[PDB]
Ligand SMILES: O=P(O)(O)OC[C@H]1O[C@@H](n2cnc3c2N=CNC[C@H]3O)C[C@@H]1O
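Next up is one chain by itself, shown in structure tokens, the form solved without pentostatin 5'-phosphate (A1CDW).
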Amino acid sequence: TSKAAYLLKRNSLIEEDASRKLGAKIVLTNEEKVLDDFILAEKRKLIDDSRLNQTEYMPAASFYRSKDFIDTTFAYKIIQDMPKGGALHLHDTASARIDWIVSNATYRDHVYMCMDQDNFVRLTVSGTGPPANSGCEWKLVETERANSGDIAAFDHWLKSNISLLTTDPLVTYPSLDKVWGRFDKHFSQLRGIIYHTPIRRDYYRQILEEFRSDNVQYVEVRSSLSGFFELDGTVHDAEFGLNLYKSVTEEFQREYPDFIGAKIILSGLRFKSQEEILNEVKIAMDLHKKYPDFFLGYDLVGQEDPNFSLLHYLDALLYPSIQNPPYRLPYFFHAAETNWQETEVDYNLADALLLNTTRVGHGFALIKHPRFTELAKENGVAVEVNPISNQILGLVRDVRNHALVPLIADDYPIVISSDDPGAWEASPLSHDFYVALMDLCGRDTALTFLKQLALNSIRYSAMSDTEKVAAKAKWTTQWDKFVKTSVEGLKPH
């Protein structure tokens, strides 16, 4: 039969295309298929009753509008309860919640506040009297709070003022330049209070306490590591910060044995002198030797379009190799976080691949370069895909037009992470796993995709091969517990 022969050739063709996607080799137990069919049901319900009933597919909307919807979906609770592996792309000063800074930090002593000339609130700590500036009229948060009338209103205005999701960012800061302006204001509002050593040591623990409470067991954080200041005025160095994080991490691992651990990546800004960037590469070289397991490598952060390139820093980033004997400072570069093509920003991909990076951040413009894409696969370089950030920071509006979706469908080395979840009031990793589930994979791909993501966060991490084996075991143990309790609570008895 001509129809029968056609349908056989068609099914072979489609199944040969779908056999090359990410997670196509995950074989699920019948118990795991129960969860898979619960997720695929709601996924297909929203996909199909939005395609045919001709309505908006809320999972792909602005996170201001989708968050309330996502927080009422039965699948988001499954992901909330899922051991997601590791979050491999984080920035320290925005990986915990603003409510802790409003409720804990701004209730401490010696906390002043002021409204800058842009009508934004700023916070700082000064134990040496009133703060020394007059572009701002600093007042004590303690007194200004009591003299209001409704303390909760004072503490809600504080959060609304320093959050980016108090208004729809795609409407309040419509241009990429504007949203990066509000994004930069966010950090300047909090710098005077997050770099005080007592507040920072407690803030970092809040990161670990929250990321485990979202069933994430491993984190690789990027930090400036220097500038922690005390009440007496003393400002510390970088090695102080690394050991402050190392002390909190080990107290945590001892307290919670289900956690895998944390590791640190030093970050420098893209707009600072080549002299300082070499100075920081030197700090990373020594810190990597002194702390071989807690310290991973170096990265340059900050807005990628209007600031410098990776070639502008070649004398520094090649310094570890010209040494005799040659040294290896591992790199974790941001690269190609742009819509531009065949430009400096787009071409930072080649420099990162030739500087032998271990993972690439964002990598939005990798698909635009055929050979660059092939080479990264051959060498094993994985891309850290951060979906929600790529929407708010203005690389795409509909997440379904993400530039790495084609790569996911060809089993490309990829992991999923957030970037600065606390700025836009997002969950540690659940909200970004959900967006990938509904916007970055197909209608016939739910749990094979998610499980491969968790496994790739361990395979393409910076742990030793010995650690990675011992890390998957802990994740496996918690994963089977997650399948067991979920299926027990859904399947009839």
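The first residue of the shown sequence is 1; numbering continues from there.
Trainee: Please work out which of 144 to 152 and 332 to 340 has the higher mean CA B-factor as recorded in the PDB entry.
Mentor: Looking at the record's C-alpha B-factors, the answer is 144 to 152.
Trainee: Mean C-alpha B-factor higher for 314 to 322, or for 113 to 121?
Mentor: Mean B over CA atoms: larger for 113 to 121.
Trainee: In terms of recorded Cα temperature factor, pick the maximum from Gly422, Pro406, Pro131, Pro387.
Mentor: Result of the comparison over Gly422, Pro406, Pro131, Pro387: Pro131.
Trainee: Say you rank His288, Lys263, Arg270, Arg400 by Cα B-factor from the PDB entry; which sits at the top?
Mentor: It is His288.
Trainee: Taking the chain's C-alpha temperature factors as the reference, tell me which third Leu208 falls into: lowest, middle or highest.
Mentor: Middle third - that is where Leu208 ends up once the chain's C-alpha B-factors are sorted.
Trainee: Using the B-factor values recorded in the entry, state whether the Cα atom of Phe38 falls in the lowest, middle or highest third among the modelled residues of its chain.
Mentor: Ranked within chain, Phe38 CA B lands in the highest tercile.
Trainee: Where does the C-alpha B-factor of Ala426 rank in its chain, lowest, middle or highest third?
Mentor: As the PDB entry reports it, the C-alpha B-factor of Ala426 lands in the lowest third of its chain.
Trainee: Would you please rank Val383 by its C-alpha temperature factor against the other modelled residues of its chain and give the third it falls in: lowest, middle or highest?
Mentor: According to the entry, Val383 has a C-alpha B-factor in the chain's lowest third.
Trainee: Among all modelled residues of this chain, ranked by Cα B factor, put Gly127 in the bottom, middle or top third, i.e. lowest, middle or highest.
Mentor: Highest third.
There is another form of this protein, the form solved in complex with pentostatin 5'-phosphate (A1CDW), and it is not shown here; the text below is about that form.
Trainee: Can pentostatin 5'-phosphate (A1CDW), laid in as it sits in the deposited complex by superposing nearby C-alphas, fit this form, that is, is the pocket open, or is it blocked with 3 or more ligand atoms within 2.4 Å of backbone or C-beta atoms?
Mentor: Answer open: no ligand atom comes within 2.4 Å of backbone or C-beta.
Trainee: Report yes if any heavy atom of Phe183 sits within 4.5 Å of a heavy atom of pentostatin 5'-phosphate (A1CDW) in the deposited complex; otherwise report no.
Mentor: Yes, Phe183 is a contact residue.
Trainee: Is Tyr291 a contact residue for pentostatin 5'-phosphate (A1CDW) in the deposited complex, using a 4.5 Å heavy atom cut-off?
Mentor: No, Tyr291 is distant from the partner.
Trainee: Does any heavy atom of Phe240 come within 4.5 Å of a heavy atom of pentostatin 5'-phosphate (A1CDW) in the deposited complex?
Mentor: Judged by the heavy-atom cut-off of 4.5 Å, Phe240 is well away from pentostatin 5'-phosphate (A1CDW) in the deposited complex.
Trainee: Does the 4.5 Å heavy atom contact test between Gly302 and pentostatin 5'-phosphate (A1CDW) in the deposited complex come out positive?
Mentor: Flag for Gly302 set to yes.
Trainee: Choose from 139 to 147, 91 to 99, 125 to 133, 246 to 254 the stretch whose residues reach within 4.5 Å of pentostatin 5'-phosphate (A1CDW) in the deposited complex, heavy atoms counted.
Mentor: That would be stretch 91 to 99.
Trainee: Report yes if all three of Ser224, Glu337 and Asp419 come within 4.5 Å of pentostatin 5'-phosphate (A1CDW) in the deposited complex by some heavy atom, otherwise no.
Mentor: Yes, each of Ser224, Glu337 and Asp419 comes within 4.5 Å of pentostatin 5'-phosphate (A1CDW) in the deposited complex.
Trainee: Within 4.5 Å of pentostatin 5'-phosphate (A1CDW) in the deposited complex, heavy atoms considered, which of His362, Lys84, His402, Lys263?
Mentor: It is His362.
Trainee: Find the only residue in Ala350, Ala75, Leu165, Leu393 having a heavy atom within 4.5 Å of pentostatin 5'-phosphate (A1CDW) in the deposited complex.
Mentor: If I apply the 4.5 Å criterion carefully, the residue I get is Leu393.
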